[PDB]
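**Q** Here it is: the structure, laid out below.
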Amino acid sequence: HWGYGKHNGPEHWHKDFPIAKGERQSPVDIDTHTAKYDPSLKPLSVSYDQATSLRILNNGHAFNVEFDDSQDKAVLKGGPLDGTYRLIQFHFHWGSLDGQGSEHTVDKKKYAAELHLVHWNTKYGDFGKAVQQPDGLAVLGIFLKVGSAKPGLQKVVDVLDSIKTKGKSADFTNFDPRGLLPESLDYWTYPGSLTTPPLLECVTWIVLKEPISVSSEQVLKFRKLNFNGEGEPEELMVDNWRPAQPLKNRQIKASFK
Ligand SMILES: NS(=O)(=O)c1ccc(CCO)cc1
Ligand SMILES: [Zn+2]
């Protein structure tokens, strides 16, 4: 029953998910002046060449592009990570207007949207077990700004008409998530949480410094989705982001000087 409305949004979540007020909640503001370069960070390895996308689903909160994670087909390694993390899905958070939509902020700047590529630590065997561990997940976050179109996003944009409402899904095979990345893999990293209920504190966040550009037309199509199910009163799927949470006892590290 949680959502992003006045009556079920981020201010209400703690009543059913008390970890909402926990010690390593996400997202956070990334103060670039306070973040410190970490020479101990290993190079980041995004290995998506054998990725097998399967399906796209409107879950009433966002839309997920789901992958076959039964083998090491698309994995994230290196950086702050120990071991291998397998891609299970990606999704976005976005705003009603171009000036808001991201979950993380950079020196308080909000981007139009934010892409989350979600991975689980293979040493735990399955996603469900991984979310019971402090190092169970790694989410690669990428900011979206409005400018030129992102060609690798267009296939996603064009399928959205078929998953307008909650519970709808469509085939989404043969999609290459490499087309959603910027040129640079420079990043910030910190320990955090899922940004939606259940808000579990299992995530190593890796947030890329370089945003991708998407066109106004592309993001406008995100905003035509519905939070509601078919037949129900239309509630546009917009502003599905949690604001920045207290940093508490955490340091954000940078991979770059
Ligand atoms: N927004 S997020 O990437 O922290 C996130 C990833 C995965 C889940 C589990 C429910 O699909 C919840 C939130
Ligand atoms: Zn997310």
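**Q** How many residues are part of a loop (DSSP other than H, G, I, E, B), in contact (Cβ under 8 Å) with a residue 24 or more places away in the chain and not small (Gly, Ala, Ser) when one looks only at segment 63-92? Explain how you work it out, then say what you get.
**A** In the first step, residues of segment 63-92 are kept if they are part of a loop (DSSP other than H, G, I, E, B); the result is 68-74, 79-84.
Keeping just the survivors that are in contact (Cβ under 8 Å) with a residue 24 or more places away in the chain gives 69, 72, 74, 79-84.
Next, from what is left, pick out any that are not small (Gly, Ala, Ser): 69, 72, 80-82, 84.
So the answer is 6.
**Q** Out of everything in segment 145-184 that is free of Cβ contacts under 8 Å to residues at least 40 places away in the same chain and not in a helix (DSSP H, G or I), what residue ends up being surrounded by the fewest Cβ atoms within 10 Å (Cβ to Cβ)?
**A** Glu183
**Q** Give me the residue from segment 191-226 that is out of contact with any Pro (no Cβ under 7 Å at 6 or more places or on another chain) and among the polar types (S, T, N, Q) and, out of that set, nearest to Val238 (Cα to Cα).
**A** Top of the filtered list is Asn226.
**Q** Still on this model: Among the residues of segment 48-94, write down those that are aliphatic (A, V, I, L, M), surrounded by 20 or more Cβ atoms within 10 Å (Cβ to Cβ) and away from ligand 2 (no atom under 16 Å from the Cβ).
**A** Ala74, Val75, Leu81, listed by residue number.
**Q** What tally of residues in segment 23-49 results from selecting those that are more than 14 Å from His119 (Cα to Cα) and in contact with an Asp or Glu (Cβ under 8 Å, 6 or more places away or on another chain)?
**A** Adding up the residues that qualify gives 10.
**Q** Which one is nearest to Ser96 (Cα to Cα), of the residues in segment 194-230 that are more than 16 Å from ligand 2 (Cβ to nearest atom) and part of a strand (DSSP E or B)?
**A** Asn226
**Q** Of a type in the set (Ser, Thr, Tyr), within 16 Å of ligand 1 (Cβ to nearest atom) and in contact with a helix residue (DSSP H, G or I) (Cβ under 8 Å, 6 or more places away or on another chain), is that true of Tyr124? Before the answer, list the steps.
**A** Details: of a type in the set (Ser, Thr, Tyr): yes; within 16 Å of ligand 1 (Cβ to nearest atom): yes; in contact with a helix residue (DSSP H, G or I) (Cβ under 8 Å, 6 or more places away or on another chain): yes.
Criteria met by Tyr124.
Rundown of residues vs (1) among the charged types (D, E, K, R); (2) farther than 16 Å from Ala244 by Cβ; (3) within 15 Å of ligand 2 (Cβ to nearest atom), yes/no style:
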| site | (1), (2), (3) |
| --- | --- |
| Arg24 | yes, no, no |
| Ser40 | no, yes, no |
| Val46 | no, yes, no |
| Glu103 | yes, no, yes |
| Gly128 | no, yes, no |
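**Q** What is the one condition in (1) closer than 21 Å to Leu137 by Cβ; (2) surrounded by 13 or more Cβ atoms within 10 Å (Cβ to Cβ); (3) among the charged types (D, E, K, R) that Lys42 does not satisfy?
**A** With (1) closer than 21 Å to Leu137 by Cβ; (2) surrounded by 13 or more Cβ atoms within 10 Å (Cβ to Cβ); (3) among the charged types (D, E, K, R) applied to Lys42, the lone miss is (2).
**Q** Moving on. For segment 225-242, what are the residues that are within 20 Å of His116 (Cα to Cα) and either of a type in the set (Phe, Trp, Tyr) or touching an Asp or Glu at 6+ places or on another chain (Cβ under 8 Å) (or both)?
**A** Residues of segment 225-242 within 20 Å of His116 (Cα to Cα): 225-227, 237-242.
Scanning segment 225-242 gives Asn226, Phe227, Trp241, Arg242.
**Q** If we keep just the residues of segment 1-21 that are hydrophobic (A, V, I, L, M, F, W, C) and out of contact with any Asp or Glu (no Cβ under 9 Å at 6 or more places or on another chain), which is nearest to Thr195 (Cα to Cα)? Steps first, please.
**A** Applying the first criterion (hydrophobic (A, V, I, L, M, F, W, C)) to segment 1-21 yields 2, 13, 17, 19-20.
If we keep only those that are out of contact with any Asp or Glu (no Cβ under 9 Å at 6 or more places or on another chain) too, we end up with 13, 17, 20.
Working: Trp13: 11, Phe17: 12, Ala20: 9 Å.
The qualifying residue nearest to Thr195 (Cα to Cα) is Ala20.
**Q** Restricting to segment 139-154, name every residue that is away from ligand 2 (no atom under 16 Å from the Cβ) and β-branched (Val, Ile, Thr).
**A** Residue satisfying the conditions is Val146 alone.
**Q** Among the residues of segment 1-40, write down those that are in a loop (DSSP other than H, G, I, E, B), out of contact with any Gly (no Cβ under 7 Å at 6 or more places or on another chain) and closer than 13 Å to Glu201 by Cα.
**A** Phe17, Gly22, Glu23, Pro27
**Q** Please find, among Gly95, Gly9, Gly101, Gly60, the residue that is within 16 Å of ligand 1 (Cβ to nearest atom), without any contact (Cβ under 8 Å) to a residue 12 or more places away in the chain and under 29 Å from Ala170 (Cβ atoms). Even if it seems obvious, please write down each step before you answer.
**A** Values: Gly95 fails: without any contact (Cβ under 8 Å) to a residue 12 or more places away in the chain; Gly101 fails: without any contact (Cβ under 8 Å) to a residue 12 or more places away in the chain; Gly60 fails: without any contact (Cβ under 8 Å) to a residue 12 or more places away in the chain.
So the residue among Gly95, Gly9, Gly101, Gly60 that is within 16 Å of ligand 1 (Cβ to nearest atom), without any contact (Cβ under 8 Å) to a residue 12 or more places away in the chain and under 29 Å from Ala170 (Cβ atoms) is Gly9.
**Q** Another one. Within segment 203-220, work out how many residues are more than 30 Å from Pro134 (Cα to Cα) and either β-branched (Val, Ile, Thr) or touching an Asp or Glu at 6+ places or on another chain (Cβ under 8 Å) (or both).
**A** Step one: of segment 203-220, the residues more than 30 Å from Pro134 (Cα to Cα) are 213-220.
From the residues that got through so far, the ones that are either β-branched (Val, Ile, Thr) or touching an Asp or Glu at 6+ places or on another chain (Cβ under 8 Å) (or both) too are 214, 216, 219.
Number satisfying all stated conditions: 3.
Ideal geometry is used to build each Cβ from the backbone, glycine not excepted, and the neighbour counts take in all protein chains shown. Every number here is computed from the coordinates shown, using simple stated rules; none is lab data.
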